[PDB]
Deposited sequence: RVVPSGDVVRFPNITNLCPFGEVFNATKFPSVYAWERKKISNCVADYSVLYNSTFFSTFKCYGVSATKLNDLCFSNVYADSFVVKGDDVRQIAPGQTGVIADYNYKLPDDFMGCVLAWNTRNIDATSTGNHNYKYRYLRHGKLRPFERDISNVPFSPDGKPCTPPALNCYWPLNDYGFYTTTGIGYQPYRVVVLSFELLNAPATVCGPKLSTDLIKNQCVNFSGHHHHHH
């Protein structure tokens, strides 16, 4: 009966850092994806394994929505087959992903003239993430893998800050990102 709560995801007040990305399960509801695809608003709206404008014709077992912020130049890493600090150490899509990646510029809500440094990303890690893996640890990193206690030689804090200012070019501006994963294997999320 009830409509899927895409508004609570896309219009949420607070989005997380990409290393601490958050997931909402969407189930047992009617999804009208034209609220997404019939709008001109997204800077990125890329689907994999599925056509955006055909979503209202399909039923899925579940839909997942993953939310986070990255700078504009990093949105390209939120795709199957990419590498880079974001895809490798923060948020990884599988090569055979079925779903859509949506992103939009949020300069006036996530940046400020004096600079917003609260959004973070992981830049050091022993090994790449598996697809949809999340790592929210904050363990001092050493290249030899041995434990270390900052401040010390060859010991590094693994998270770094984005610095979001209103005055930078768009590649450095903040973008909110929602990744919709469509699960096939009884369907609970259907178009109208």
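Trainee: Just jot down which stretches of the deposited chain sequence have no CA coordinates, in the order they come.
Mentor: Holes in the chain trace, numbered from 1: 1-14, 200-201, 209-230.
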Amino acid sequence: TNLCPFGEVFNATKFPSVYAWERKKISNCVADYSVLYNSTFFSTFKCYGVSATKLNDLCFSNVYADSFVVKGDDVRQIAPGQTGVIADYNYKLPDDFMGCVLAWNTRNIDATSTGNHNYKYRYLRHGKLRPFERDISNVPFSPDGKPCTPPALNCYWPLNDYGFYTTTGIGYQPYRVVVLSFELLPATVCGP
From here on, numbers count along this sequence of modelled residues.
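Trainee: For the C-alpha atoms alone, is the average B factor greater in 44-52 or in 27-35, going by the entry?
Mentor: Result: 27-35.
Trainee: Looking only at CA atoms, which has the higher mean B factor in the entry: 161-169 or 54-62?
Mentor: The stretch with the larger average C-alpha B-factor is 54-62.
Trainee: For the chain shown, is the CA B-factor of residue 108 in the lowest, middle or highest third of its modelled residues?
Mentor: It belongs to the lowest third of the chain when residues are ordered by C-alpha B-factor.
Trainee: Check where residue 116 lands among this chain's C-alpha B-factors and tell me if it's the lowest, middle or highest third.
Mentor: Lowest third.
Trainee: Would you please rank residue 148 by its C-alpha temperature factor against the other modelled residues of its chain and give the third it falls in: lowest, middle or highest?
Mentor: Highest third, going by the recorded CA B-factors of the chain.
Trainee: Would you check the entry's CA temperature factor for residue 83 and let me know if it's in the chain's lowest, middle or highest third?
Mentor: Its C-alpha B-factor, which the entry lists for residue 83, ranks in the highest third among residues of this chain.
Trainee: Looking at the C-alpha B-factor of residue 155, is it in the lowest, middle or highest third of its chain?
Mentor: It belongs to the highest third of the chain when residues are ordered by C-alpha B-factor.
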